[PDB]
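Chain and residue survey
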Amino acid sequence: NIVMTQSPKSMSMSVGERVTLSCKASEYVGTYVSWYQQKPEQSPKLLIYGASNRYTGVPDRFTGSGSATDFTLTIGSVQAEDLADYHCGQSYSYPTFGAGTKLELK
Amino acid sequence: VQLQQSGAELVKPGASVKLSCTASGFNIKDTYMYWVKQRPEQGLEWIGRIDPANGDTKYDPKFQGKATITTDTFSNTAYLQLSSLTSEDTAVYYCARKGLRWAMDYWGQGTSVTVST
Amino acid sequence: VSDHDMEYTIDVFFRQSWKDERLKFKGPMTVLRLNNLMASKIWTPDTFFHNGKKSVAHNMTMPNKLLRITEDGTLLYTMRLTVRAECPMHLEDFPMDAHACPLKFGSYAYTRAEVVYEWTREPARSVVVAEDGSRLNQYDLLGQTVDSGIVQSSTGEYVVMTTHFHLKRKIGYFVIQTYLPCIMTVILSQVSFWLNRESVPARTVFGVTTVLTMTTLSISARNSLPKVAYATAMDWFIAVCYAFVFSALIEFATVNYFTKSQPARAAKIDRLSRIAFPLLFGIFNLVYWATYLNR
Amino acid sequence: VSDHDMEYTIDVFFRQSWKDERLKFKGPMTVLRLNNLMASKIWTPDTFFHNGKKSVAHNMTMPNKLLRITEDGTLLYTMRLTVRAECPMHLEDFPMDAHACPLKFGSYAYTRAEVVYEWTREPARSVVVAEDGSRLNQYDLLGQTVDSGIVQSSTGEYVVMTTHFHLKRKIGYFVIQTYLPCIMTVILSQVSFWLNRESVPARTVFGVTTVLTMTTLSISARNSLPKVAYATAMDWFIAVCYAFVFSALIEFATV
Amino acid sequence: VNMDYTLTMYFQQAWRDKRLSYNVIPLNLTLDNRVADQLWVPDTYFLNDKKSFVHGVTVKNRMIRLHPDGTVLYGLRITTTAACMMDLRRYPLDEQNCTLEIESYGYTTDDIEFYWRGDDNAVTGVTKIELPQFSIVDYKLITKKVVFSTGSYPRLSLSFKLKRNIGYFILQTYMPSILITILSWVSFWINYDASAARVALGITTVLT
Amino acid sequence: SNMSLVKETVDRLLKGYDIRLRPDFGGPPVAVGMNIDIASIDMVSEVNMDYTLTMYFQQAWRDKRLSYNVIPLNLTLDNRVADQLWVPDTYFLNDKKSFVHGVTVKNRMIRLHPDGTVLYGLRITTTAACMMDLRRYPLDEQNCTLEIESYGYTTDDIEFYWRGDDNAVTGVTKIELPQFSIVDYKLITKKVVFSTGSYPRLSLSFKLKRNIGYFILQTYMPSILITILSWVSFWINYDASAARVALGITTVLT
Amino acid sequence: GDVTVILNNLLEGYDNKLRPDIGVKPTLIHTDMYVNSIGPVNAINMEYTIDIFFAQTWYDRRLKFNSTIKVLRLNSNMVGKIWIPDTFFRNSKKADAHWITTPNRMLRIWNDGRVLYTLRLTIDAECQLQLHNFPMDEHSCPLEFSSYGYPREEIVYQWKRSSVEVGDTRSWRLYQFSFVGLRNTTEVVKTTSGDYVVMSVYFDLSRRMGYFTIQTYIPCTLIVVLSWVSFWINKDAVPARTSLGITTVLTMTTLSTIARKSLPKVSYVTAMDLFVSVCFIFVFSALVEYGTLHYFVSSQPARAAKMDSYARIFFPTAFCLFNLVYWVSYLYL
Ligand SMILES: *[C@@H]1O[C@H](CO)[C@@H](O[C@@H]2O[C@H](CO)[C@@H](O[C@@H]3O[C@H](CO)[C@@H](O)[C@H](O)[C@@H]3O)[C@H](O)[C@H]2NC(C)=O)[C@H](O)[C@H]1NC(C)=O
Ligand SMILES: *[C@@H]1O[C@H](CO)[C@@H](O[C@@H]2O[C@H](CO)[C@@H](O[C@@H]3O[C@H](CO)[C@@H](O)[C@H](O)[C@@H]3O)[C@H](O)[C@H]2NC(C)=O)[C@H](O)[C@H]1NC(C)=O
Ligand SMILES: *[C@@H]1O[C@H](CO)[C@@H](O[C@@H]2O[C@H](CO)[C@@H](O)[C@H](O)[C@H]2NC(C)=O)[C@H](O)[C@H]1NC(C)=O
Ligand SMILES: CCC1(c2ccccc2)C(=O)NC(=O)NC1=O
Ligand SMILES: CCC1(c2ccccc2)C(=O)NC(=O)NC1=O
Ligand SMILES: *[C@@H]1O[C@H](CO)[C@@H](O)[C@H](O)[C@H]1NC(C)=O
Ligand SMILES: *[C@@H]1O[C@H](CO)[C@@H](O)[C@H](O)[C@H]1NC(C)=O
Ligand SMILES: *[C@@H]1O[C@H](CO)[C@@H](O)[C@H](O)[C@H]1NC(C)=O
């Protein structure tokens, strides 16, 4: 069971600044890490499928960076509608997700 | 294209529940169907998946024996049955399908089961 | 795995599956398990191996191909073929090295906006190596590792599926071939220090035949490994052993030259070098094996 | 003739004639010398070589095949092909051995009640070897020998045409290769008996290096020879020579 | 060194095809070997081969034969280089066991059935095989069903057990080494005063 | 236009064309002229008793059925039409394995001329066999030839000759062999007689002469220097027995 | 739907036996290469392997369609149905395309009739290597190609501006050599059939002395240094010094043979056998020096006393001077 550790567990940051979220895998996951976004009381939305590939309908401010074990999700100009949860999940084996990261505004 | 789930359930601890996920816009024999659970203010947890074109199912080690996933092809539906659910699995249950790079591109709407007396 | 050619061989059932809405039917059977001559009349993807050198597709007794058409339009197409793929190796720690031999395949003539590839099961469970499926004599298959990416060519972007097989070379052959004769030649050279100083041709032929043995050893051990342009671990071992043997011969030459003028100095240098050589060789062995077994 | 593979190679014009009543014609010519693509549109016999390993039918620059139809219905069909056949050898008297390398052919799938073979001329004059046609380095082709018999396999009884080529190995290479170094080493070991007993290392290195050379010679001579289970004649010679060398060394040790 | 063995065989298959059934003529029909490109023949393959071919001299060495009830016999003459992994922990005093696997590629076990025609007399010509190095001690015929990710497939297996001869290895390697060890004992018969002789003798034997 | 004219000309030429019959199937023999442009001679092997050569092999004959007069140019056609025309069944008698190159297509050429002259070129890599007389090795010169014969057509159906008769074989003075050197070459025309009839034959022979620089440096210089080092034992006095014995014995062994 | 109609309309009244503009003008073909790897350059057979994606593009006015799609992207299925140039490599000993799993070819036809045809090839080309200065040598040996049947008046070739592109150059099978650069060239060659436009790609390679160093230069120098130690041994032990001299000559002969076997059986002297020859002369000189010493110790010891003391300083100095002059003279070239 590949464990994905996401950091930080909760963070705050203001509007219009670059932000970076990280996901670390215990085992090898090639490029099969996906980033989902979940607003409160809604179902998760696929943001980044694979390591560094944007889904249809995602703005050009989300971008992912992949490796064998270390993965990042970077947002550029972060707006006020990105107040949601961000999960990283691997798909190299039977899927396991991360703990989650709650983005906040300040 | 779209996945529609049933409404929330309020069941008694010790019974069995059956959740449904109906697919509209595609044939479920082309992809896999995943069931995920999410507790209030926590991370997602994968229950299991089924290959509807074959019938092959795989489960999470903390869910083997508890949950069972079936499919109905004629109406494009995936069913999740929990056998004996205790007083801790009060979560939201999502139905997903595999996407391009083995990601879950389309998700359902969530079915919040609730166990109480 | 042909180490001299930087390549490996692999015998596979290569399975592909897609959906063709022009091959829908409705009959008593839900799956047509057809012949290998129906797959030439229909569209099949033109997968090629990006690092394959000269692969063959078996034609014995009939073309080893498989075509299955499901009632809803799904096609399963399987081939049996022998890939001879390219494995770039970094032989710096030879023969205590590990490798990851790749197998990249993708679509020829179909860009990413036309044909995309995907694994049919979970990526960790898609490439499956059989249990008795190991024709390796020199390596040890440790596991597999799949990946998928995109390459930018002069004609467009192409999906490329990569598979790495991780190999670890077994040292048991090279021990008896090189590491045991070199150590034995060093011991045979060092055994010369116990003969008396009055028998000079004896110790001379001891030293010289150990030098000859080390030279023939380096040649015989170098002709196995391909002609790389750097030094491996076995080369360093042979070099240090040659240094020890040659140094022993130089010590004998010193002892003989210092005889008949200063007998006490010759006696001293023969008694001191009787114990410094095994000590130095043992420390070198300890350090070498420690740095190349934990590497 | 490869001795390590127990095989040999041969290059033949293989001619087959038969009579097909469906191919009778009447025209301004009495024989049609047609191409090698008309032969694939008519029935031709399916002759194979029973003891062939990897034969080739040449098709450079065009298929080396010949079809001649005579006006009464007789066909002559000739091919040019290189056959690599098996020659089971018994190497007791190596390198003074004589062999009879066979070449057996017959029909695949046509039994004796359907297709029978025959030599077109007298059997002693059918298999004809050219004069300049000898790529033998090690052997000597003495003559040929044809035969006919009936083999029986799981599909029936077939006619088999057998040819035997009788080869006699030439010794002039193995003589210089092994017999002169072995006799030379034995004489060189016996040279030591004329040395003065006051020189022990001299006679010692004499004996031991001639024993080493004998070991090397036996290994070298045996690597060209295949991995047979018995011992050949050269092996007996080398063994007796080794005995002579070892006895010389033991004699020095005794002295 | 290649971990394989080459074998030439007449490989024949027999089945019954209800479409190739006639009753007008009473004899069995041996047709030209090019009509086998117009009939259905099973897609049999060898799982453990490395390179194989049908002999194509003077024509493609294959046989087709029809029978009035529908039975089709289909023979080939195949030289195949089959891969056999050897266990050389007891070389050359070893006994190997390696096989020829005979499987159907396209048709599963619910589409085709394999069996040995005779089941004890299906494989002939083994006692007449003479090898320069080995000797066939025993052979076995096996019917089986294998399971892949695409289905269940029938399989036949023809296995040989080969015992390696020892006389060659005795006279080639075990006897010379014993002789060098005998030779290295004449170092004691030489007197301990003469040093150069014993050093030269012992050192050359260890080097040899 | 011109494409339509050439198209209809080629379509008329190939309509009703019998590939089984040679030009003048009942009349006089057809004359075929040979050119060879030797690209390389790869490996002259003494152990296999053969040599490898790559050649541009061209044949020219005249077929009256492939005659046209409406266009004034020569027609080079795609090589797949060589399977729809009659080409002579030339073979090499002393070859062991030959092939036509097949990258990027089958390396052959087919050209039609308005008077009926067909020009047919192939690029062949022949492993021809020649037995060598090594009694003077390595101070020997080896004369081995490549035989060009017609297989099916006898001497009253076909006729061979060299196109130019002295310049038909080119590129022989540019061949760089690492171990030999071409001194002379000859072209011969004759007829051979087999039990099926009389056949025309051409022969291209290259007299090769072996260099000596390699054999000297690798074999003759070592033997002479070992002989000199065997002479050196005479300057050693008769007292030291081990030295002269060891020098002589290891010199014999070398 | 419509692409099938387009493909069937392109092939109506089509003759794949005639090049475009068969009696109008020559066809201009633009060629590109992509070198995946340059295989082992063995000098024995005077050849080298290379793997490329060979792409050609030209204009065919018969494959011109009017539609809303601009390009047809096809398999190798239609390669044999349209006209394809007969490009062949003039200096190849063996060459094959790739057929696993499906013929590795690509065809793309455009809206105005421009056809692009790409295929993957593995060529075993030949280049005569002038093996002087070996192994500190540099070569530049080509890969040439042209049309086989179409002369200059029928097919004209032309490079693009981004013609030949190499990949990473580290995953290549060049053990003993090192890629340094390339250059393209076009020319016209006289042939018995006509004038042909020939295009050449010269790859410049330099041999890296990392294998030949530890294969021959280090052991021969080691054997020379070994032969040197005979001077420090006392001149009375005759078998010792005799053994020293003869074993060094033996080892030098063995090393000369095993080092000669690398390169082909060329008749000229290289820069490696010159080295091994000078080393052999040095060991032989040591032996003959000891020989004259042993001969002269009996006649007059006064002359034979300082011979060894002279040799102990003359041999290393001479060898070092030889190494200096050899290495400077052969690395300046
Ligand atoms: C050479 O090796 C093969 C395979 O390694 C051997 O074949 C195996 O033979 C044994 C005994 O003949 C088989 O065992 C049997 O099991 C069945 C199970 O139903 C039982 O009914 C039989 O009574 C018998 O006990 C075994 O299945 C078979 N296959 C394997 C291991 O895959 C062969 O015996 C060896 N020797 C020779 C001379 O071929
Ligand atoms: C290599 O060997 C071949 C084969 O022996 C040599 O060919 C022979 O060459 C001579 C001289 O060209 C031929 O001879 C002459 O015969 C004609 C017959 O009309 C006669 O008119 C001439 O006056 C002359 O006597 C000879 O027939 C021919 N032999 C064969 C069997 O073809 C060749 O010369 C050798 N050397 C080279 C460099 O190729
Ligand atoms: C390959 O060929 C191209 C085209 O012939 C060469 O491109 C030329 O480059 C020079 C500068 O070196 C320019 O001045 C020319 O105008 C270019 N010609 C065109 C039309 O591109 C290219 O340099 C060649 N590359 C080599 C020699 O490797
Ligand atoms: C190498 C010695 C040998 C031998 C020596 C003495 C008696 C018998 C045999 C021989 O001369 N030839 C062989 O092949 N093997 C041998 O062991
Ligand atoms: C083996 C001697 C040799 C040589 C010695 C003296 C002068 C010239 C050559 C050499 O050292 N290397 C070679 O390759 N061939 C040689 O003959
Ligand atoms: C492979 O086999 C099939 C049918 O047996 C045949 O049509 C095809 O030509 C064969 N190909 C080769 C390369 O042997
Ligand atoms: C056909 O073959 C069978 C079996 O080999 C045999 O029993 C039968 O007699 C044959 N038919 C004729 C007409 O001989
Ligand atoms: C056709 O070829 C002949 C012979 O080479 C030549 O003389 C003639 O000029 C050519 N015709 C044209 C139009 O080039």
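Numbers given to residues start from 1 along each chain, in the order its sequence is written, and need not follow the entry; residues that have no coordinates are not shown. By the order in which they are written, chains take letters starting at A while ligands take numbers starting at 1. What you see is a piece of a larger assembly; the numbers all apply to this piece alone. Heavy atoms from the whole structure form the basis of all side-chain values; hydrogens and water molecules are not counted.

Where we set the bar: UniProt positions are given in the numbering used here, feature names are shortened, and annotations may be inferred rather than shown by experiment.
Where the PDB entry is consulted, chain D appears under the name Gamma-aminobutyric acid receptor subunit alpha-1, with the organism given as Homo sapiens. The title attached to this entry in the PDB is "Human GABAA receptor alpha1-beta2-gamma2 subtype in complex with GABA plus phenobarbital". The heading Catalytic activity in the UniProt record of chain D holds the text "chloride(in) = chloride(out)". Its UniProt record, at the heading Sequence similarities, says of chain D: "Belongs to the ligand-gated ion channel (TC 1.A.9) family. Gamma-aminobutyric acid receptor (TC 1.A.9.5) subfamily. GABRA1 sub-subfamily."

Within the PDB entry, the label attached to chain B reads IgG2b Fab Heavy Chain, and the organism entered is Mus musculus.

As for the UniProt feature "binding site: 4-aminobutanoate" in chain D
For clarity, the cut-off: What counts as a helix is a DSSP run of H or I of at least four residues, what counts as a strand is a run of E of at least two, and both are numbered from the N terminus. Exposure is judged per residue with a 1.4 Å probe applied to protein chains only, and the accessible area is read against the type maximum: over 50% gives exposed, under 20% gives buried, and values in between give partly exposed. Two residues qualify as a contact provided that any one of their heavy atoms is within 4.5 Å of a heavy atom in the partner residue.
Per the UniProt record, "binding site: 4-aminobutanoate" is annotated on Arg15(D) and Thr78(D). In terms of the greatest pairwise C-alpha distance, the residues named above, spread along 64 residues, form a tight cluster of at most 4.2 Å across. Relative to the elements of secondary structure, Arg15(D) occurs in strand β1 (residues 7-19). Judged by relative accessible area, which is 32%, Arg15(D) ranks as partly exposed. Look past the residues within four positions of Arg15(D) in its chain and what remains in contact with it is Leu76(D), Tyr77(D), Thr78(D), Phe194(F), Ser195(F) and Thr196(F). As for its position among the elements, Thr78(D) is in strand β6 (residues 74-86).

Topic: the interface of chain G and chain F
As a reminder, the rule being used: The buried area of a pairing is the accessible area, by a 1.4 Å probe, that goes missing from both parts when the two are put together, added over both. Any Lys or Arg side-chain nitrogen found within 4 Å of a carboxyl oxygen on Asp or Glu counts as a salt bridge. All amino acids are sorted into three groups, where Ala, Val, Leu, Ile, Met, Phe, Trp, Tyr, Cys and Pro are nonpolar, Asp, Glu, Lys and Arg are charged, and the leftover types, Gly among them, are polar.
Counting from both sides, the interface comprises 62 residues of chain G and, opposite them, 57 residues of chain F. Carbon and sulfur atoms supply 63% of the area buried between chain G and chain F, which totals about 5,200 Å² over both sides. On the chain G side of the interface with chain F, the three residues burying the most area are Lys17(G), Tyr148(G) and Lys265(G), jointly 14% of the side's total. Counting every contact that joins chain G to chain F gives two salt bridges. We note a salt bridge from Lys93(G) to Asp42(F), for which the minimum N-O separation is 3.4 Å. Listed by contribution, the elements that provide at least two residues to the side of chain G that touches chain F are β4 (87-89), β5 (92-97), β7 (114-126), α3 (238-260) and α4 (273-299) of chain G. In terms of residue count, the dominant contributor to the side of chain G that touches chain F is α3(G) (eight residues). Classifying every residue of the side of chain G that touches chain F gives 28 nonpolar, 16 polar and 18 charged.

Digging into the pairing of strand β10 (residues 157-169) of chain C
Residue and element names in this part refer to chain C. For the record, the criterion: Pairing between strands requires that DSSP locate at least two bridges from one strand to the other.
Relative to β10, strand β7 (residues 98-102) runs antiparallel, the two sharing five bridges. Counted as the bridge partner of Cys101 is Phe165 from β10. As paired elements, strand β9 (residues 139-152) and β10 share 13 bridges and run antiparallel to each other. Among the inter-strand pairings, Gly143 is bridged to a residue of β10, identified as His166. Taking the residues between adjacent antiparallel strands as the criterion, β9 and β10 are bridged by four residues, where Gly156 takes a positive phi near 145°.

Quick notes on the sheet that holds strand β9 (residues 152-164) of chain E
Note: strands within a sheet are paired through backbone hydrogen bonds, in either parallel or antiparallel orientation. All names here are of chain E. How we decide: Axes, fitted as lines to C-alpha atoms, cover a helix only where it is in contact. Angles between the N-to-C directions of the axes lie from 0 to 180 degrees.
Within the open sheet, the four strands sit side by side as β3-β7-β9-β8. Their pairing is antiparallel. For this open sheet the edge positions go to β3 (44-46) and β8 (134-147), each flanked by a neighbour on one side alone. Averaged over all pairs of adjacent strands, the angle between their axes in this sheet comes to 20°, without regard to strand direction. Note that β8 and β9 share 13 bridges and pair antiparallel. Residue pairing across strands places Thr143 opposite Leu156, the latter belonging to β9.

Re the interface of chain C and chain G
Rules: A 3.5 Å cut-off defines polar contacts: any pair of N or O atoms within that distance qualifies, except that in protein one atom must be a possible hydrogen donor and the other a possible acceptor, and neighbouring residues in sequence count only when both atoms are side-chain atoms.
Taken residue by residue, the interface counts 54 residues in chain C and 47 residues in chain G. Summed over both sides, the interface between chain C and chain G buries roughly 4,200 Å², with carbon and sulfur atoms accounting for 63% of that surface. On the chain C side of the interface with chain G, the three residues burying the most area are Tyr108(C), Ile219(C) and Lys227(C), jointly 15% of the side's total. The tally of links between chain C and chain G comes to three salt bridges. For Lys54(C), the salt bridge goes to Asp96(G), with nearest N and O atoms at 3.5 Å. Viewed at the interface, chain G and chain C are joined by 15 residue pairs in polar contact. Breaking the side of chain C that touches chain G down by element, the ones donating at least two residues are β3 (47-49), β4 (56-57), β6 (74-86), α2 (200-222) and α3 (233-257) of chain C. Per-class residue counts for the side of chain C that touches chain G are 31 nonpolar, 13 polar and 10 charged.

Things to note about the arrangement of the chains
Contacts are most numerous between chains F and G, considering all eight pairs of chains that are in contact. At the level of C-alpha atoms, the two units chain C and chain D stay apart, their nearest approach being 10 Å. In this view chain A stays clear of chain F, with the nearest C-alpha atoms of the two still 38 Å from each other.

A look at the site of ligand 1
Residues and elements named next belong to chain E. The following threshold applies: Any residue with at least one heavy atom within 4 Å of a molecule or strand is counted as near it. We get accessible surface area from the Shrake-Rupley algorithm with a probe of 1.4 Å; when it comes to residues, only the shown protein chains can shield them.
In the vicinity of ligand 1, the contacting residues are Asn97, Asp138, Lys140, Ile142, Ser159 and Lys161. Between an oxygen atom of ligand 1 and a side-chain N or O atom of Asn97, the distance comes to 2.4 Å. Computed on the free molecule, ligand 1 has an accessible area of 740 Å², of which 35% lies beneath the protein chains in the complex. Looking at the shell around ligand 1, the elements that each hand over two or more residues are β8 and β9. Counting residues per element, the shell around ligand 1 draws most heavily on β8, which supplies three residues.

A look at the pattern of salt bridges
Under the definition given, this model contains 76 salt bridges over all chains. Residue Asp270(C) is joined to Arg274(C) by a salt bridge in which the shortest nitrogen-to-oxygen separation is 3.8 Å. One end of the pair, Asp270(C), and the other, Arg274(C), are both in helix α4 (residues 263-293), four residues apart, so they sit about a helical turn from each other. Taking the shortest distance from any N to any O, the salt bridge between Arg65(F) and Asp63(F) comes out at 3.2 Å. On the basis of relative accessible area, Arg65(F) is assigned to the partly exposed category, the value being 29%. When salt bridges that share partners are traced, they join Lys39(A), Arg61(A), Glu81(A) and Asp82(A) into one network.

Quick word on the state of the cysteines
Two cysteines joined by a covalent bond between their sulfur atoms form a disulfide. All names here are of chain D. Heads up, the rule is: Note on terminology: disulfide denotes any pair of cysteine sulfur atoms within 2.5 Å.
Inspection of the entire model under this criterion finds seven disulfides over all chains. Note on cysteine connectivity: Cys87 is disulfide-linked to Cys101, with sulfurs 2.0 Å apart. Residues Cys87 and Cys101 are joined through a disulfide that is left-handed, its torsion about the S-S bond being -90°. Here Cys87 is found in the loop between β6 and β7 (98-107), whereas its partner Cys101 is found in strand β7, with 14 residues between them in sequence. An identical accessibility class is assigned to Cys87 and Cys101; each is buried.

Re the domain arrangement of chain D
Residues and elements named next belong to chain D. How we decide: Domain start and stop positions are those given by an automatic or database domain assignment.
Splitting chain D by domain gives domain 1 (1-170) and domain 2 (171-255). Relative to domain 2, the C-alpha centre of domain 1 lies at a distance of 47 Å. Each partner contributes to the interface: domain 1 provides 14 residues, whereas domain 2 provides 15 residues. Remark: the boundary between domain 1 and domain 2 carries four residue pairs in polar contact.

A word on the nonpolar core
Stated precisely, the cut-off is as follows: Here the nonpolar core consists of buried residues drawn from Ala, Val, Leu, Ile, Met, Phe, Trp, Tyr and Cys, with membership extended through side-chain atoms lying within 4.5 Å.
In this structure, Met33(G), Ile38(G), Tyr48(G), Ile52(G), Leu107(G), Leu143(G) and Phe203(G) are the most contacted members of the largest nonpolar core, which totals 211 residues. Top contributing element to this core by residue count: α3(C), with 12 residues. Residue contacts for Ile52(G): discarding those within four places in its chain leaves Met33(G), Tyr34(G), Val35(G), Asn36(G), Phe89(G), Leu119(G), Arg120(G), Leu121(G), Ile123(G) and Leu143(G).

Some details on the UniProt feature "disulfide bond" in chain D
Residue and element names in this part refer to chain D. Sulfur atoms bridged by a disulfide sit less than 2.5 Å apart; for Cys87 and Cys101, annotated as such a bridge in UniProt, the distance of 2.0 Å is consistent with the bond. Look at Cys87 and you get buried, because its relative accessible area is 1%. In this structure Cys101 comes out as buried when scored by relative accessible area, which is 1%.

With respect to helix α5 (residues 301-332) of chain G
Residues and elements named next belong to chain G. Note the cut-off: Multiplying 1.5 Å by the residue count of a helix minus one yields the expected span of that helix. The reported bend at a residue is simply the angle between two axes, fitted to the 7 residues ending at it and to the 7 residues beginning with it.
Given a rise of 1.5 Å per residue, 32 residues ought to cover 46 Å, and the 46 Å separating the end C-alpha atoms of α5 matches this to within 8%. By the largest-angle criterion, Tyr310 marks the main kink of α5, which is about 30°. Turning to α5, its buried residues are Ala304, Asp308, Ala311, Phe315, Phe319, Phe322, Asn323, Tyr326 and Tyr330. On its buried side, α5 packs onto α2 (211-228), α3 and α4.

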